[PDB]
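Q:
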Amino acid sequence: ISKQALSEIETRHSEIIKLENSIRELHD
Amino acid sequence: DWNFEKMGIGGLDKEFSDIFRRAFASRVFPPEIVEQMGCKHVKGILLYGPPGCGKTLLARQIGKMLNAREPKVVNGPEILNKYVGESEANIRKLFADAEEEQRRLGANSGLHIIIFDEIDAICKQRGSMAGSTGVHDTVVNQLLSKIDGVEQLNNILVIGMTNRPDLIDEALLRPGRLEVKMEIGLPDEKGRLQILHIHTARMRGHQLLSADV
Amino acid sequence: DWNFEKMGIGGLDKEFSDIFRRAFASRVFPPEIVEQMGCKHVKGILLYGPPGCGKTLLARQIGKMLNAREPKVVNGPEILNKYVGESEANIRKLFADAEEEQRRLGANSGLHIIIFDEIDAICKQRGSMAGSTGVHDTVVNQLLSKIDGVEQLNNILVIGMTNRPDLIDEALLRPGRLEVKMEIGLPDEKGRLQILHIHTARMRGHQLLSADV
Ligand SMILES: Nc1ncnc2c1ncn2[C@@H]1O[C@H](COP(=O)(O)OP(=O)(O)OP(=O)(O)O)[C@@H](O)[C@H]1O
Ligand SMILES: Nc1ncnc2c1ncn2[C@@H]1O[C@H](COP(=O)(O)OP(=O)(O)O)[C@@H](O)[C@H]1O
Numbered sequence: 014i015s016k017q018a019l020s021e022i023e024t025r026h027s028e029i030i031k032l033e034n035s036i037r038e039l040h041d
Numbered sequence: 002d003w004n005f006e007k008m009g010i011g012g013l014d015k016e017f018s019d020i021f022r023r024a025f026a027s028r029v030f031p032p033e034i035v036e037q038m039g040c041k042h043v044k045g046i047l048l049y050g051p052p053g054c055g056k057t058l059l060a061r062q063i064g065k066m067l068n069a070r071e072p073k074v075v076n077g078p079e080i081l082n083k084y085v086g087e088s089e090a091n092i093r094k095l096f097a098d099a100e101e102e103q104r105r106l107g108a109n110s111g112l113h114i115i116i117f118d119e120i121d122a123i124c125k126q127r128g129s130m131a132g133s134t135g136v137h138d139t140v141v142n143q144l145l146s147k148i149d150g151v152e153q154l155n156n157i158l159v160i161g162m163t164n165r166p167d168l169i170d171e172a173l174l175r176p177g178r179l180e181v182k183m184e185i186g187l188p189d190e191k192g193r194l195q196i197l198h199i200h201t202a203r204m205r206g207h208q209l210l211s212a213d214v
Numbered sequence: 002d003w004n005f006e007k008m009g010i011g012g013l014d015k016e017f018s019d020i021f022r023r024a025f026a027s028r029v030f031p032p033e034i035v036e037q038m039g040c041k042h043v044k045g046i047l048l049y050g051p052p053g054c055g056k057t058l059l060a061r062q063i064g065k066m067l068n069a070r071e072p073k074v075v076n077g078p079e080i081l082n083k084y085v086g087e088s089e090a091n092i093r094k095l096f097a098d099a100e101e102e103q104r105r106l107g108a109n110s111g112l113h114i115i116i117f118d119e120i121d122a123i124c125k126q127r128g129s130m131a132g133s134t135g136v137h138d139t140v141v142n143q144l145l146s147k148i149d150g151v152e153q154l155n156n157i158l159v160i161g162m163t164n165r166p167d168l169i170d171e172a173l174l175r176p177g178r179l180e181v182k183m184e185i186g187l188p189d190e191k192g193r194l195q196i197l198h199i200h201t202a203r204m205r206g207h208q209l210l211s212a213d214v
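Residue numbers (my numbering), protein chains in the order written: chain A, 14 to 41; chain B, 2 to 214; chain C, 2 to 214.
1. What are the start and end residues of each continuous alpha helix (DSSP H) run of 4 or more residues lying completely inside the stretch 53-100 of chain C, in chain order?
2. Would you mind telling me which residues of chain B sit closer than 8 Å to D167(C), beta carbon to beta carbon, in chain order?
3. Need the endpoints of the alpha helix (DSSP H) that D118(B) sits in, please.
4. Could you check whether the Cβ of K73(C) sits closer than 8 Å to any Cβ belonging to chain B?
5. Grab the span of the alpha helix (DSSP H) containing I196(B) for me, first residue to last.
6. Could you name the residues of the stretch 175-199 of chain B whose beta carbon sits closer than 9 Å to any beta carbon of chain C, in the order they occur along the chain?
7. Quick one: list the residues of chain B neighbouring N164(C), beta-carbon separation under 7 Å, in chain order.
8. In its own chain, which residues sit with a C-beta less than 8 Å from the C-beta of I160(B), not counting the 5 before and 5 after it?
9. Can you find a heavy atom of ligand 1 that lies under 7 Å from the Cβ of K56(C)?
10. Counting pairs of Cβ atoms below 8 Å between the stretch 7-25 of chain C and the stretch 130-146 of chain B, do you hit three or more?
11. Suppose you measure from the CA of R175(B) to the CA of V43(B); what does that come to, to the nearest Å?
12. Between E23(A) and chain F, is any beta-carbon pair separated by less than 8 Å?
13. By alpha-carbon positions, which one of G53(C), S129(C) and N76(C) ends up nearest to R93(B)?
14. Can you tell me whether DSSP reads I160(B) as helix, strand or coil?
15. In terms of residues, what are the limits of the alpha helix (DSSP H) holding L145(C)?
16. Would the stretch 174-193 of chain B count as touching the stretch 70-90 of chain B if we require 3 or more Cβ pairs under 8 Å?
17. Within the continuous alpha helix (DSSP H) that includes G206(C), where are the two ends?
18. Determine, for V85(C), whether the minimum Cβ-Cβ distance to residues of chain A falls below 8 Å.
19. Verify whether the separation of the beta carbon atoms of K41(B) and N156(B) is less than 8 Å.
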């Protein structure tokens, strides 16, 4: 029996929260 | 303010003498002669022995004794991360202060003490542990690449502690690389007397111990 | 300044004579000879031997004896990429200057020397690892393509160092990329003499050595 695991990341820069604030402001 | 007795370590007088001679001799003499010589200070020390022989306490007291900054200690493999690349990033952050301080003042900085416990946990023979992810072989390569290499550092000192000294890397214990390799062994009768006295000092001073013993 | 003792090397004259004979010769000859012969300039070297046995000593001295721009040195497996792809971006950012210079000027560009410490850290068996992420394969293939491939290079020199030539994939050792290989065994008695002298000149300069020694 054997084996180990690993992990990684990626370039995402979502910031959907800020974009949502901005676009809502645009609507009003 | 200092005193060898103040520490409360007994039976290892020769060990302390050798450590002081081969480690702290160049840091106490007037700067002029040592600078007239062009000698590089030793920056490596290794200890090992069976459990409970006073290895931990030794490093605790040697660190406390210095008038330098608080030593940075690493508790076993505590520098591992769940991603690719941050084992090295962690083993690299340990030297930022020394490099920065050397580049700011230079030749006049205070010592930077780093302590590894059970070095054998992380540093082992390359080419072994043929499992997966090769992370261990990358960490060992970084550590050596950083203890020594293209860049120079002269205000650091690393202490390692192990119980099985046959599994550590060869270069890690080579000249200028944990070169000093000491051997803590079971105490003698005189060591036993000194130890018992050390651990029975707060009693005689309060009449809590019968004179019969 | 080709004193070779002012530089500070352990009696490795024969080593330098042989390396210049083998390589660095086509580099100082008439290009017209290179057109009649049609023999390209060697661009691969390897230096391995007892760990840190003056292995980086001369690596830190070659940067001085050259009338070209200072060679760029890669100190260990610092080609870390956390998101995705930038490992290949890092590998790319090493050869950009050579590409730009060759495009700007041809047949007389100059030389660019790159040094990989801990070559063994990043170059291993391609298929041996079973890890989910294949970053090592990705970097190995990219490096192989860059050093050898449809694109041609004539103004670079890659130098590799390992303390254990064994864990190296054979593809990187195919003729035409790193065909040259050399070992640095141990110092002879005579070289040991020059060594002692080099390591004792300041001692005698300031009159700190007893005549008995
Ligand atoms: N023949 C020699 N002549 C002069 N110095 C030598 C010689 N052999 C070893 N040394 C010493 O060894 C050191 C050379 O750097 P070294 O080769 O140890 O670096 P390194 O390759 O990064 O080390 P490592 O491979 O252990 O990580 C210097 O302290 C140098 O004085
Ligand atoms: N020279 C000494 N002086 C005082 N106490 C000692 C000495 N050597 C061992 N001891 C005792 O042994 C214990 C230290 O064990 P330790 O060195 O921590 O084991 P390990 O090195 O495996 O961590 C302490 O309880 C301490 O009282």
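Just so you know, even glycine gets a beta-carbon here, dropped at the ideal spot from N, CA and C.
A: According to the structure data:
1. Runs found: 60-63.
2. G128, listed in chain order.
3. Element bounds for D118(B): not the alpha helix (DSSP H) but the beta strand (DSSP E), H113 to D118.
4. No, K73(C) does not count as interfacial toward chain B.
5. Here the alpha helix (DSSP H) through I196(B) covers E190 to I199.
6. So the list reads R175, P176, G177 and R178, given in the order they occur along the chain.
7. Correct list: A172.
8. Here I160(B) has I46, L47, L48, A60, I63, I114, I115, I116 and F117 as same chain residues with Cβ atoms under 8 Å from its own Cβ, once five neighbours each way along the sequence are excluded.
9. Yes, Cβ of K56(C) sits closer than 7 Å to a heavy atom of ligand 1.
10. By the criterion of at least three beta-carbon pairs nearer than 8 Å, the stretch 7-25 of chain C is not in contact with the stretch 130-146 of chain B.
11. Whole-angstrom Cα-Cα distance: 12 Å.
12. Structure shown: chain F not included; protein chains present are A, B and C.
13. Put simply, of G53(C), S129(C) and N76(C) the residue whose alpha carbon is nearest the alpha carbon of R93(B) is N76(C).
14. Three-state DSSP puts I160(B) in a strand.
15. It spans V136 to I148 - the alpha helix (DSSP H) in which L145(C) sits, taken as one unbroken run.
16. No, because fewer than three Cβ pairs between the stretch 174-193 of chain B and the stretch 70-90 of chain B fall closer than 8 Å, the two stretches do not touch.
17. From DSSP, the alpha helix (DSSP H) with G206(C) extends over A202 to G206.
18. For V85(C), at least one C-beta of chain A is nearer than 8 Å to its own C-beta.
19. It is not a contact, given that the beta carbons lie outside the stated cut-off.
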